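File shown here: run16.tsv, holding TSV, C-alpha atoms.
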```
chain	number	residue	atom	x	y	z
A	1	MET	CA	-0.40	60.23	40.79
A	2	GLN	CA	-0.97	61.85	37.42
A	3	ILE	CA	-4.30	62.35	35.71
A	4	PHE	CA	-4.87	64.02	32.34
A	5	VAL	CA	-7.41	66.75	31.57
A	6	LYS	CA	-8.20	67.12	27.88
A	7	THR	CA	-9.69	70.48	26.92
A	8	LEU	CA	-11.88	71.40	23.99
A	9	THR	CA	-9.24	73.53	22.23
A	10	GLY	CA	-7.02	70.43	22.26
A	11	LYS	CA	-4.73	71.00	25.23
A	12	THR	CA	-3.89	68.11	27.53
A	13	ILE	CA	-3.20	69.30	31.08
A	14	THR	CA	-1.49	66.80	33.37
A	15	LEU	CA	-2.23	67.20	37.07
A	16	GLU	CA	-0.54	65.64	40.06
A	17	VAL	CA	-3.42	64.44	42.24
A	18	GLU	CA	-4.27	61.97	44.99
A	19	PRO	CA	-7.18	59.51	45.07
A	20	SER	CA	-8.56	61.44	48.03
A	21	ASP	CA	-8.43	64.81	46.26
A	22	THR	CA	-11.92	66.18	45.80
A	23	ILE	CA	-13.34	67.47	42.56
A	24	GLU	CA	-13.22	70.96	44.07
A	25	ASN	CA	-9.48	70.35	44.66
A	26	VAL	CA	-8.94	69.10	41.11
A	27	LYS	CA	-10.64	72.21	39.74
A	28	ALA	CA	-8.36	74.34	41.94
A	29	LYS	CA	-5.33	72.54	40.48
A	30	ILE	CA	-6.65	73.27	36.98
A	31	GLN	CA	-7.06	76.90	37.98
A	32	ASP	CA	-3.42	76.76	39.15
A	33	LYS	CA	-2.10	75.33	35.89
A	34	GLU	CA	-4.37	77.04	33.36
A	35	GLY	CA	-6.01	80.03	35.10
A	36	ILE	CA	-9.59	78.89	34.46
A	37	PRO	CA	-11.75	79.67	37.50
A	38	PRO	CA	-13.50	76.61	38.95
A	39	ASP	CA	-16.95	78.02	38.25
A	40	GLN	CA	-16.13	77.91	34.53
A	41	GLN	CA	-15.10	74.27	34.78
A	42	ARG	CA	-17.27	71.31	33.93
A	43	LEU	CA	-15.43	68.00	34.35
A	44	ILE	CA	-16.54	64.76	32.66
A	45	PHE	CA	-15.24	61.26	33.29
A	46	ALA	CA	-16.58	57.81	32.33
A	47	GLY	CA	-19.92	59.17	31.20
A	48	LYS	CA	-20.42	61.27	34.35
A	49	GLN	CA	-20.30	64.93	35.21
A	50	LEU	CA	-18.03	65.18	38.24
A	51	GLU	CA	-19.65	66.79	41.28
A	52	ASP	CA	-17.86	69.02	43.75
A	53	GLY	CA	-17.92	67.16	47.04
A	54	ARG	CA	-16.93	63.76	45.69
A	55	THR	CA	-13.33	62.61	45.49
A	56	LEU	CA	-11.41	61.12	42.58
A	57	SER	CA	-11.78	57.66	44.15
A	58	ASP	CA	-15.57	58.15	44.34
A	59	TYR	CA	-15.54	58.05	40.53
A	60	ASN	CA	-12.66	55.51	40.40
A	61	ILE	CA	-10.26	57.90	38.64
A	62	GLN	CA	-7.12	55.76	38.73
A	63	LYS	CA	-3.56	56.46	37.60
A	64	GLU	CA	-3.35	58.12	34.18
A	65	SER	CA	-7.11	58.60	33.89
A	66	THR	CA	-8.31	61.10	31.29
A	67	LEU	CA	-10.88	63.72	32.25
A	68	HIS	CA	-12.57	66.10	29.84
A	69	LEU	CA	-12.85	69.81	30.58
A	70	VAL	CA	-15.76	71.73	29.07
A	71	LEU	CA	-17.32	75.09	29.86
A	72	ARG	CA	-19.80	75.42	32.71
A	73	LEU	CA	-22.04	78.04	31.12
A	74	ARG	CA	-23.39	79.22	34.48
A	75	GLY	CA	-19.89	80.58	35.17
A	76	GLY	CA	-19.48	81.94	31.65
B	5	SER	CA	-46.84	89.99	10.25
B	6	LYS	CA	-45.78	92.46	12.94
B	7	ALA	CA	-42.27	91.02	12.66
B	8	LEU	CA	-41.99	92.01	8.99
B	9	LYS	CA	-43.26	95.55	9.65
B	10	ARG	CA	-40.75	95.80	12.49
B	11	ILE	CA	-37.81	94.60	10.38
B	12	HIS	CA	-38.54	97.20	7.70
B	13	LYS	CA	-38.59	99.99	10.29
B	14	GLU	CA	-35.16	98.93	11.52
B	15	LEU	CA	-33.74	98.58	8.03
B	16	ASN	CA	-35.02	102.09	7.26
B	17	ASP	CA	-33.39	103.29	10.48
B	18	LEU	CA	-30.08	101.78	9.33
B	19	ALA	CA	-30.50	103.66	6.04
B	20	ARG	CA	-31.18	106.92	7.91
B	21	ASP	CA	-28.02	106.95	10.06
B	22	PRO	CA	-25.78	104.01	9.12
B	23	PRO	CA	-23.41	103.12	11.99
B	24	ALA	CA	-19.81	103.56	10.88
B	25	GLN	CA	-17.94	100.36	9.97
B	26	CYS	CA	-21.20	98.37	10.35
B	27	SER	CA	-23.59	97.43	7.55
B	28	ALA	CA	-26.37	94.89	7.38
B	29	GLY	CA	-29.37	93.98	5.30
B	30	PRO	CA	-31.40	91.07	3.97
B	31	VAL	CA	-29.44	88.45	2.06
B	32	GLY	CA	-31.99	88.08	-0.74
B	33	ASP	CA	-35.76	87.62	-1.05
B	34	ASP	CA	-36.05	86.76	2.67
B	35	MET	CA	-36.51	89.86	4.83
B	36	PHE	CA	-36.11	87.78	8.00
B	37	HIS	CA	-32.66	86.67	6.87
B	38	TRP	CA	-29.92	89.29	7.03
B	39	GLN	CA	-26.17	89.34	6.67
B	40	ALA	CA	-23.95	91.88	8.42
B	41	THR	CA	-20.36	93.02	8.11
B	42	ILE	CA	-18.32	94.31	11.02
B	43	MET	CA	-15.11	96.02	10.01
B	44	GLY	CA	-12.42	95.12	12.52
B	45	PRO	CA	-11.97	98.17	14.75
B	46	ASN	CA	-8.74	100.02	14.23
B	47	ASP	CA	-6.60	99.88	17.35
B	48	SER	CA	-7.88	96.35	17.84
B	49	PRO	CA	-6.22	93.07	16.82
B	50	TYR	CA	-9.03	92.82	14.25
B	51	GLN	CA	-8.06	95.95	12.30
B	52	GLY	CA	-8.26	95.43	8.56
B	53	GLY	CA	-10.56	92.45	8.87
B	54	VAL	CA	-14.07	92.15	7.58
B	55	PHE	CA	-16.20	89.92	9.79
B	56	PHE	CA	-19.42	88.51	8.35
B	57	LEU	CA	-22.41	87.73	10.52
B	58	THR	CA	-25.65	85.98	9.81
B	59	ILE	CA	-28.77	87.47	11.37
B	60	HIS	CA	-32.13	85.78	11.53
B	61	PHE	CA	-35.26	87.39	12.86
B	62	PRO	CA	-37.49	84.68	14.37
B	63	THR	CA	-41.18	84.69	13.59
B	64	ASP	CA	-41.89	86.12	17.04
B	65	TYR	CA	-39.50	89.07	16.68
B	66	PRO	CA	-39.25	91.44	18.49
B	67	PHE	CA	-40.47	89.43	21.54
B	68	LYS	CA	-37.64	86.94	21.02
B	69	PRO	CA	-34.19	88.24	20.00
B	70	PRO	CA	-32.60	88.05	16.56
B	71	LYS	CA	-30.29	85.08	16.16
B	72	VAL	CA	-26.81	86.37	15.32
B	73	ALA	CA	-23.61	84.44	14.66
B	74	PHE	CA	-20.27	85.14	13.03
B	75	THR	CA	-19.60	83.25	9.84
B	76	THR	CA	-16.06	84.63	9.69
B	77	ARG	CA	-13.71	82.86	12.12
B	78	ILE	CA	-12.66	85.25	14.88
B	79	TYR	CA	-10.41	84.83	17.94
B	80	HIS	CA	-12.37	86.16	20.90
B	81	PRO	CA	-13.23	85.11	24.48
B	82	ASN	CA	-16.99	85.44	23.88
B	83	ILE	CA	-17.22	83.96	20.37
B	84	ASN	CA	-16.55	80.29	19.81
B	85	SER	CA	-14.99	78.83	16.70
B	86	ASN	CA	-18.53	78.18	15.34
B	87	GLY	CA	-19.32	81.91	15.44
B	88	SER	CA	-21.71	81.58	18.37
B	89	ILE	CA	-21.72	84.84	20.32
B	90	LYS	CA	-22.12	85.02	24.08
B	91	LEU	CA	-23.65	88.44	24.62
B	92	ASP	CA	-26.36	89.29	27.12
B	93	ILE	CA	-28.64	91.24	24.76
B	94	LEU	CA	-28.87	88.24	22.45
B	95	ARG	CA	-30.30	86.20	25.29
B	96	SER	CA	-31.34	87.06	28.84
B	97	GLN	CA	-31.18	90.85	28.40
B	98	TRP	CA	-33.01	91.05	25.08
B	99	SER	CA	-35.72	93.69	25.01
B	100	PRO	CA	-38.21	94.50	22.22
B	101	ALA	CA	-37.00	98.10	22.59
B	102	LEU	CA	-33.59	97.11	21.22
B	103	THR	CA	-32.82	97.36	17.52
B	104	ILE	CA	-30.52	95.47	15.23
B	105	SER	CA	-28.43	98.65	15.12
B	106	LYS	CA	-27.96	98.44	18.89
B	107	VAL	CA	-27.23	94.72	18.59
B	108	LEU	CA	-24.51	95.39	16.01
B	109	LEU	CA	-23.04	98.19	18.11
B	110	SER	CA	-22.96	95.81	21.07
B	111	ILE	CA	-21.04	93.24	19.05
B	112	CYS	CA	-18.59	95.93	17.92
B	113	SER	CA	-18.19	96.88	21.60
B	114	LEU	CA	-17.58	93.18	22.47
B	115	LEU	CA	-14.72	92.97	19.90
B	116	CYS	CA	-12.92	96.04	21.36
B	117	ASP	CA	-13.97	95.21	24.98
B	118	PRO	CA	-14.48	91.45	25.65
B	119	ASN	CA	-16.14	90.02	28.77
B	120	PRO	CA	-13.46	87.53	29.82
B	121	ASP	CA	-14.98	87.01	33.29
B	122	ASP	CA	-18.02	85.43	31.62
B	123	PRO	CA	-16.51	83.83	28.56
B	124	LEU	CA	-17.65	81.36	25.98
B	125	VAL	CA	-14.10	80.11	25.44
B	126	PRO	CA	-12.36	79.98	28.85
B	127	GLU	CA	-8.86	79.38	27.38
B	128	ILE	CA	-9.02	82.49	25.19
B	129	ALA	CA	-10.47	84.42	28.13
B	130	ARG	CA	-7.44	83.52	30.25
B	131	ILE	CA	-5.08	84.53	27.46
B	132	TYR	CA	-6.85	87.87	27.09
B	133	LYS	CA	-6.74	88.54	30.84
B	134	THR	CA	-3.23	87.38	31.64
B	135	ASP	CA	-1.27	87.84	28.42
B	136	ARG	CA	-2.82	90.56	26.30
B	137	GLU	CA	0.14	90.67	23.92
B	138	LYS	CA	-0.39	86.99	23.16
B	139	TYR	CA	-4.12	87.54	22.78
B	140	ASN	CA	-3.40	90.35	20.33
B	141	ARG	CA	-0.89	88.45	18.25
B	142	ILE	CA	-3.20	85.45	17.91
B	143	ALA	CA	-6.22	87.57	17.08
B	144	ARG	CA	-4.19	89.52	14.49
B	145	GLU	CA	-3.04	86.25	12.90
B	146	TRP	CA	-6.63	84.97	12.79
B	147	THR	CA	-7.79	88.28	11.32
B	148	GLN	CA	-5.16	87.95	8.61
B	149	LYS	CA	-5.86	84.31	7.80
B	150	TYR	CA	-9.68	84.35	8.05
B	151	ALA	CA	-11.01	87.92	7.83
B	152	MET	CA	-8.73	89.15	5.04
```

Render the structure in this file as structure tokens.
Amino acid sequence: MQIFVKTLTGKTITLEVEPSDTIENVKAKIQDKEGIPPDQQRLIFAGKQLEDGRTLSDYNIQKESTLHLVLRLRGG
Amino acid sequence: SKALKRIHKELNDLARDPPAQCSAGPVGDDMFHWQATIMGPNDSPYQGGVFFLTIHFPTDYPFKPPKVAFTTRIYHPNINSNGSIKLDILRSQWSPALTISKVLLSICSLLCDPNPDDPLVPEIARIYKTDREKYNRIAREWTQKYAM
């Protein structure tokens, strides 16, 4: 299924993901499409910061959900 | 205050040996409030640009660092579009032994040599690392539109 990742510079990255993909996996897919290392990635959805070690279904990210990508300053 | 006496010593230092393509000084009647200009380094995408910075010396200077931000838009991995500057000596590696001259020279070094592995703008950092020609042509365009 496809989820959208909106960045702060205004890009919208579309990822092909599965409900069982973990946040760590999603960040790896963003690293694959955009080059940003996972430790620079801070993912927000439905008022929540997404934790590595939960899946997309843990936060109920369904088809065509829109995540927000911001900087994780610890990695930057 | 010991901050004021300190700021005068550093301004006098800058008047002794001014660092090339770097000037700075108080904006007006406020000695804690400075403005700086960085001339874009030649053999950088910023060549020909003049980049303005605001500098503020907090009341506890030099035990806290000066606050420094670009007011000229600049395309850089460690400088966001607000002019906020990610540079270690402005935060965790500040030392009362450092001067505003060394701070300015560090920002000039950042322009010619960014730290893309610890960026403030991850997208620009990736462009700089993986497509330097694109980084250069964007930074030149931004220099032309905003710093000239």

Response to the item:
Here CA of residue 12 in chain A and CA of residue 40 in chain A stand apart by 17.2 Å

Would you give me, as a tab-separated table, each residue of chain B having an atom within 10 Å of an atom of chain A, along with its shortest atom pair and that distance in Å to one decimal, using only C-alpha atoms and sorting by chain and residue number?
```
residue	atom	partner	partner_atom	distance
B:82	CA	A:76	CA	8.9
B:85	CA	A:9	CA	9.6
B:90	CA	A:76	CA	8.6
B:119	CA	A:76	CA	9.2
B:120	CA	A:76	CA	8.4
B:121	CA	A:76	CA	7.0
B:122	CA	A:76	CA	3.8
B:123	CA	A:76	CA	4.7
B:124	CA	A:76	CA	6.0
B:125	CA	A:71	CA	7.4
B:126	CA	A:36	CA	6.4
B:127	CA	A:36	CA	7.1
B:128	CA	A:9	CA	9.4
B:129	CA	A:36	CA	8.5
B:130	CA	A:35	CA	6.1
B:131	CA	A:35	CA	8.9
B:133	CA	A:35	CA	9.5
B:134	CA	A:35	CA	8.6
```

Discussion item. Using only C-alpha atoms, which protein or nucleic acid residues come within 9 Å of range 54-69 of chain B? Drop anything in the same chain fewer than 3 positions from it, and give the result as a PyMOL selection string.
Written reply: chain B and resi 5-8+10-11+28-31+35-44+50-51+72-78+87+93-95+98-103+147+150-152

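Close contacts of range 45-47 of chain A, defined as residues with an atom at most 12 Å away when counting all atoms listed in the file, with chain neighbours fewer than 4 positions off set aside, comprise residues 3, 4, 5, 6, 23, 51, 56, 57, 58, 59, 60, 61, 62, 65, 66, 67, 68, 69 and 70 of chain A.
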
Using all atoms of range 3-13 of chain A that appear in the file, construct an axis-aligned enclosing box with 4 Å of padding on every side and provide its centre coordinates and edge lengths in Å, rounded to one decimal, as lines of an AutoDock Vina configuration file.
```
center_x = -7.5
center_y = 67.9
center_z = 29.0
size_x = 16.7
size_y = 19.2
size_z = 21.5
```

Item to complete: To one decimal in Å, tell me the separation between CA of residue 30 in chain A and CA of residue 10 in chain A.
Response: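 A separation of 15.0 Å between them.
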
Discussion item. Could you tell me how far CA of residue 53 in chain A sits from CA of residue 39 in chain A, in Å to one decimal place?
Written reply: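 Result for CA of residue 39 in chain A versus CA of residue 53 in chain A: 14.0 Å, one decimal.
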
Output requested as a compact mmCIF listing (two decimals), in the coordinates of the input - range 21-56 of chain A, filled out with N, CA and C atoms.
```txt
# COMPACT_ATOMS: atom_id res chain seq x y z
N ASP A 21 -8.13 63.45 46.67
CA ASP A 21 -8.43 64.81 46.26
C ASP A 21 -9.90 64.89 45.84
N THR A 22 -10.55 65.98 46.20
CA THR A 22 -11.92 66.18 45.80
C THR A 22 -11.97 66.84 44.43
N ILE A 23 -13.16 66.79 43.83
CA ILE A 23 -13.34 67.47 42.56
C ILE A 23 -13.08 68.96 42.72
N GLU A 24 -13.54 69.56 43.82
CA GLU A 24 -13.22 70.96 44.07
C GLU A 24 -11.70 71.18 44.05
N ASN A 25 -10.94 70.24 44.63
CA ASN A 25 -9.48 70.35 44.66
C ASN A 25 -8.90 70.21 43.26
N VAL A 26 -9.40 69.26 42.49
CA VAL A 26 -8.94 69.10 41.11
C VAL A 26 -9.19 70.38 40.33
N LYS A 27 -10.37 70.99 40.48
CA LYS A 27 -10.64 72.21 39.74
C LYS A 27 -9.67 73.31 40.17
N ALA A 28 -9.33 73.35 41.46
CA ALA A 28 -8.36 74.34 41.94
C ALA A 28 -7.00 74.11 41.30
N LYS A 29 -6.59 72.85 41.16
CA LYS A 29 -5.33 72.54 40.48
C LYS A 29 -5.38 72.94 39.01
N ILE A 30 -6.54 72.80 38.36
CA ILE A 30 -6.65 73.27 36.98
C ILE A 30 -6.56 74.78 36.93
N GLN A 31 -7.23 75.46 37.86
CA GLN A 31 -7.06 76.90 37.98
C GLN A 31 -5.59 77.27 38.20
N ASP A 32 -4.83 76.45 38.94
CA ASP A 32 -3.42 76.76 39.15
C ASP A 32 -2.61 76.60 37.87
N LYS A 33 -2.93 75.59 37.06
CA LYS A 33 -2.10 75.33 35.89
C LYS A 33 -2.55 76.11 34.67
N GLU A 34 -3.84 76.42 34.56
CA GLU A 34 -4.37 77.04 33.36
C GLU A 34 -5.10 78.36 33.59
N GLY A 35 -5.39 78.75 34.83
CA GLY A 35 -6.01 80.03 35.10
C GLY A 35 -7.53 80.03 35.04
N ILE A 36 -8.14 78.95 34.58
CA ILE A 36 -9.59 78.89 34.46
C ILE A 36 -10.21 78.82 35.84
N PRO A 37 -11.09 79.76 36.20
CA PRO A 37 -11.75 79.67 37.50
C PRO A 37 -12.60 78.42 37.59
N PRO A 38 -12.71 77.83 38.79
CA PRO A 38 -13.50 76.61 38.95
C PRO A 38 -14.93 76.75 38.48
N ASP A 39 -15.55 77.92 38.64
CA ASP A 39 -16.95 78.02 38.25
C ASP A 39 -17.14 78.07 36.74
N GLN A 40 -16.06 78.08 35.97
CA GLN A 40 -16.13 77.91 34.53
C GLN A 40 -15.86 76.48 34.12
N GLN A 41 -15.57 75.61 35.08
CA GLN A 41 -15.10 74.27 34.78
C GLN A 41 -16.22 73.26 34.93
N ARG A 42 -16.35 72.43 33.92
CA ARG A 42 -17.27 71.31 33.93
C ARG A 42 -16.42 70.10 33.57
N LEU A 43 -16.30 69.15 34.51
CA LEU A 43 -15.43 68.00 34.35
C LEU A 43 -16.26 66.75 34.11
N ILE A 44 -15.86 65.97 33.10
CA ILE A 44 -16.54 64.76 32.66
C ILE A 44 -15.57 63.60 32.76
N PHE A 45 -16.03 62.48 33.30
CA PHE A 45 -15.24 61.26 33.29
C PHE A 45 -16.15 60.04 33.29
N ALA A 46 -15.86 59.08 32.41
CA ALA A 46 -16.58 57.81 32.33
C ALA A 46 -18.09 58.03 32.31
N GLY A 47 -18.51 58.93 31.43
CA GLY A 47 -19.92 59.17 31.20
C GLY A 47 -20.60 60.01 32.26
N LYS A 48 -19.86 60.58 33.20
CA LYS A 48 -20.42 61.27 34.35
C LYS A 48 -19.90 62.69 34.41
N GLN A 49 -20.77 63.62 34.78
CA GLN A 49 -20.30 64.93 35.21
C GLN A 49 -19.81 64.83 36.65
N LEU A 50 -18.60 65.31 36.91
CA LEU A 50 -18.03 65.18 38.24
C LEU A 50 -18.55 66.29 39.16
N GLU A 51 -19.04 65.88 40.32
CA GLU A 51 -19.65 66.79 41.28
C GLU A 51 -18.62 67.25 42.30
N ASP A 52 -18.63 68.55 42.61
CA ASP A 52 -17.86 69.02 43.75
C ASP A 52 -18.41 68.38 45.01
N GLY A 53 -17.51 67.86 45.84
CA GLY A 53 -17.92 67.16 47.04
C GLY A 53 -17.82 65.66 46.95
N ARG A 54 -17.41 65.13 45.81
CA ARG A 54 -16.93 63.76 45.69
C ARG A 54 -15.43 63.80 45.46
N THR A 55 -14.76 62.68 45.72
CA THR A 55 -13.33 62.61 45.49
C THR A 55 -13.06 61.92 44.16
N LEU A 56 -11.78 61.85 43.79
CA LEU A 56 -11.41 61.12 42.58
C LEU A 56 -11.68 59.62 42.74
```
